[PDB]
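Asks: Have a look at the structure that comes next, please.
Quick note: the coordinates plus some simple rules give every number you see, no bench work behind them. All Cβ positions, even for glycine, are placed from backbone atoms using ideal geometry, and neighbour counts span all protein chains on display.
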Amino acid sequence: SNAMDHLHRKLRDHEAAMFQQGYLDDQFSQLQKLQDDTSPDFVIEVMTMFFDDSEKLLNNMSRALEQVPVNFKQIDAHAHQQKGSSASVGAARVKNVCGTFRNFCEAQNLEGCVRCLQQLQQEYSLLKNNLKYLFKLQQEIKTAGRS
């Protein structure tokens, strides 16, 4: 069988690396679990929804930080929303960066908030690029199957 072929090995290795390095946590595993009416595209469908919401949110946060004066209460609300969205998909490193904003928002510290946003954007991009690779490999395996 092809169970041990290069695509299968790469997929298992890459996903395991994502967990070991903290990109993903068990909520992602919950999305991926075998079910009797959903397939693997379920996780892809969910993640596309998450990516679209997250990119809008991050753009809103960026713009917010450029306003004079800065509305720290809004920044904090955005960070909280992104935290829960990240938790819904098992994006562990992204979620944990989101939790760093509150402290700076309550202090009205803008340079802290900027640092937090830079980390958030970095972490989001790392997650998205690594997940896109996961999904590329899954798709290639599906193609090999057919059928």
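Asks: Assuming residue 2 fulfils every condition listed in (1) in a helix (DSSP H, G or I); (2) touching a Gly at 6+ places or on another chain (Cβ under 9 Å) apart from one, which condition is it?
Replies: The single condition residue 2 does not satisfy is (1).
Asks: Going through 34, 11 one at a time, which residue ends up being assigned to a loop (DSSP other than H, G, I, E, B) and either of a type in the set (A, V, I, L, M) or touching an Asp or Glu at 6+ places or on another chain (Cβ under 8 Å) (or both)?
Replies: 34
Asks: A follow-up question, please. How many residues are farther than 19 Å from residue 18 by Cβ and either polar (S, T, N, Q) or out of contact with any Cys (no Cβ under 6 Å at 6 or more places or on another chain) (or both) if we restrict to region 91-111?
Replies: 11
Asks: Let me ask you something else. Can you report the number of residues in region 78-111 which are over 18 Å from residue 124 (Cα atoms) and among the aliphatic types (A, V, I, L, M)?
Replies: 2
Asks: From the list 64, 16, which one is of a type in the set (A, V, I, L, M), under 22 Å from residue 117 (Cα atoms) and either touching a residue at least 24 places away in the same chain (Cβ under 8 Å) or part of a helix (DSSP H, G or I) (or both)?
Replies: After ruling out the rest, the residue left standing is 64.
Asks: Specify which of the listed residues (135, 104) is in a helix (DSSP H, G or I), in contact (Cβ under 8 Å) with a residue 60 or more places away in the chain and of a type in the set (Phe, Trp, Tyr).
Replies: 135
Asks: Here's something else I'd like to know. State which residue pairs qualify: first residue touching a residue at least 40 places away in the same chain (Cβ under 8 Å) and over 17 Å from residue 118 (Cα atoms) and inside region 80-101, second residue outside any helix (DSSP H, G or I) and of a type outside the set (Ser, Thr, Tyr) in any location, beta carbons under 7 Å apart, and separation of 6 or more residues or different chains.
Replies: Hits for this filter: 90/24; 90/25.
Asks: Among the residues of region 37-51, is there at least one that is touching a residue at least 24 places away in the same chain (Cβ under 8 Å), acidic (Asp, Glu) and either over 24 Å from residue 104 (Cα atoms) or surrounded by fewer than 17 Cβ atoms within 10 Å (Cβ to Cβ) (or both)?
Replies: no
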